[PDB]
Structures are given as C-alpha cells and as structure tokens.
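Let's start with one chain on its own, the form deposited in one PDB entry, as structure tokens.
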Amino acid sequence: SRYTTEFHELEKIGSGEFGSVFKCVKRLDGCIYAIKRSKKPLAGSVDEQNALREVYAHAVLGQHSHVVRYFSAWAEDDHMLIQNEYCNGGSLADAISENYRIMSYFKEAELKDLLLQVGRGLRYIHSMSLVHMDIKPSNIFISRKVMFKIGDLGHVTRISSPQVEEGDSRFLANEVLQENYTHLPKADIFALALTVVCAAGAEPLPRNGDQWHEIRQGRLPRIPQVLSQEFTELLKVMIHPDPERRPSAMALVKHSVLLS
C-alpha cells in the first residue's frame, strides 16, 4: 500500500461523507501533509465529478502562496487519496469557533488582512480562467505571521466553459441559483465577503428563507464589532445584487482600504 508505505498517520483532522483527512508525515522527506482518503465514488456520480474537478484543477493551477498546495493524488483499495500541504492553523472555520469559545476575535486590521490574502488567491485562480465556487470559512486554511490559503478545489470549474455544481447555499450568490453563469468570478467575490462577515463575528448565515433573500438584496448581516464605514461599504458592494458592480479579484487586491 502506497499510503502506508510512503506515509505515517499521525492524527485524524477531518471526517465526513467525503471520508477522512489525516495529518501524515512522509517518511522520505519528514514533512507534514494533509491527506484525504475517500471511498472511490461510483463512476458517473456527483462525487466523481467533484473529484475530477479537483485533480484537473491542479493540472491547471500548479502553485501559489494563497492556495493550498497539491502534491499528489492516487487510488488504491477502491479508495482515492490526495496529498495536500498541511496548514497547521486549521481552517478559518475552526478559528472562528475557537474565537467564540474563549471569547476572542479578529481585529478589523485582521479582517482586512484575511480579505486581501484570499483575494490574492482568487485573483490567481481567476487569471487561470477558473473559479472556485465554494468559498467559505471551512475551505480557507491557516498557516502560522499568518497565511490564509484557499483549499478544497472540488467545485472548481472553468469561466469560459461553465460546469456548475453549486456551493454551500449560505454563501451562494442569487444569480448562480438563477443558473446565470456569465460572471462566475463575481460569485466567488460574493462568497468571500460573507466569509469575512463570519470571521467578523456575525450570527450564523441563513440557508434559505427571508434572511437569505435579504442578504442577496445587498444587505449585510449584523456585525457586532466596530468596523469603519469604509470597510463596511466594501463588503456591501461585494454582495451587490448586480454582480457587475462587485469588484473583480484584481480590483479587490488593489483597493485602498486594503492597502495594506
């Protein structure tokens, strides 16, 4: 078994319908990797398509400091395995949860730094004519003096040849729900805005109903902390009903409120 042979299992760091993810040390180089191990999905199924989007996403992407690095992927024992960079700070979701537990928080300064860094990742992905389509706190990973990296490329698709498996409904732009895929990069921007709103301490986001529509009308959820009217205005325009009014990733990373 390549998995057993090449790696030693240290700790389970994820589990779900996707299988499990393990912190592993690679015997040859002594480095830590995050390795996802899943039942090989039924051929011609949602999970296979999702799985194919991820491998073929790296085929295009390669390497960037704000995208979780991919090293290898293989299949054995009717399981599939993908070997990714290990980010020692867990996901933004874990960090948000821990903030609530010990009652800490991300400074506004740190919200802007999160926005800029994930923005740089998106700028790169979009420049390769791809879109992530599942930006949310659980898919942003932290290396710790802090690097935010975009992970979980299973929903990644082409801009020009749009093939869309919808992301989490809590972070999903209305136009994607309306099967309008003419500006998918702006759907990532919408989701990033709500991701920062979660980090800023907002209540849990709605999965549907009134509050869900209220957000897609361009109204931010309640943020309990003191954010400048200017940083707020940036987050508001990022969830603009009209996706063409939302800034692109490249406009985002060059925005004044973010510099630097």
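A residue's number is simply how far along the shown sequence it sits, counting from 1. Residues that one form lacks are left out of the comparison. Take the two forms, find the largest set of C-alpha atoms that superpose within 1.5 Å, and that set is the rigid core.
Please establish whether a third or more of the other compared PDB entries omit coordinates for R144. In at least a third of the other entries, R144 has no coordinates.
With respect to the deposited sequence, how many residues separating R101 from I102 are not represented by coordinates: none, 1 to 3, 4 to 9, or 10 or more? None; the chain is continuous from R101 to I102.
Got a sec? Mean C-alpha B-factor, which is higher, 45-53 or 32-40? Result of the comparison: 45-53.
May I ask you to compare 22-30 and 198-206 by their mean CA B factor in the entry and name the higher one? Comparing 22-30 with 198-206, the higher mean C-alpha B-factor belongs to 198-206.
Considering only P162, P185, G167, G89, which residue's Cα atom bears the greatest B-factor as recorded? Out of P162, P185, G167, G89, the record gives the largest C-alpha B-factor to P162.
Could you tell me which third, lowest, middle or highest, the C-alpha B-factor of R216 occupies within its chain? Its C-alpha B-factor, which the entry lists for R216, ranks in the middle third among residues of this chain.
How does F171 rank on Cα B-factor within its chain, lowest, middle or highest third? For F171, the deposited C-alpha B-factor lands in the lowest third.
Third of the chain's Cα B-factor distribution that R144 belongs to, per the entry: Highest third, going by the recorded CA B-factors of the chain.
Going by the entry, which third of its chain does the Cα temperature factor of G16 land in? According to the entry, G16 has a C-alpha B-factor in the chain's highest third.
Using the B-factor values recorded in the entry, state whether the Cα atom of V68 falls in the lowest, middle or highest third among the modelled residues of its chain. Middle third.
The following text describes the form deposited in another entry, which does not appear among the structures shown.
State which of the options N88, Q178, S161, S169 undergoes a Cα shift of 2 Å or more between this form and the one not shown, taking the core as fixed. By this measure, the answer is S161.
Once both forms sit on the same rigid core, is the C-alpha displacement of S127 at or above 2 Å between this form and the one not shown? Shift of 2 Å or more: no.
Aligned on the rigid core, do the two forms place the Cα of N50 2 Å or more apart, comparing between this form and the one not shown? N50: C-alpha displaced by 2 Å or more between this form and the one not shown.
Answer yes if the CA of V60 moves 2 Å or more between this form and the one not shown after aligning the rigid core, and no otherwise. Indeed, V60 is displaced by 2 Å or more.
Moved residue ranges in sequence order between this form and the one not shown, Cα 2 Å or more, at least 3 long, core fit: Runs moving 2 Å or more: 45-50, 58-62, 100-104, 160-163.
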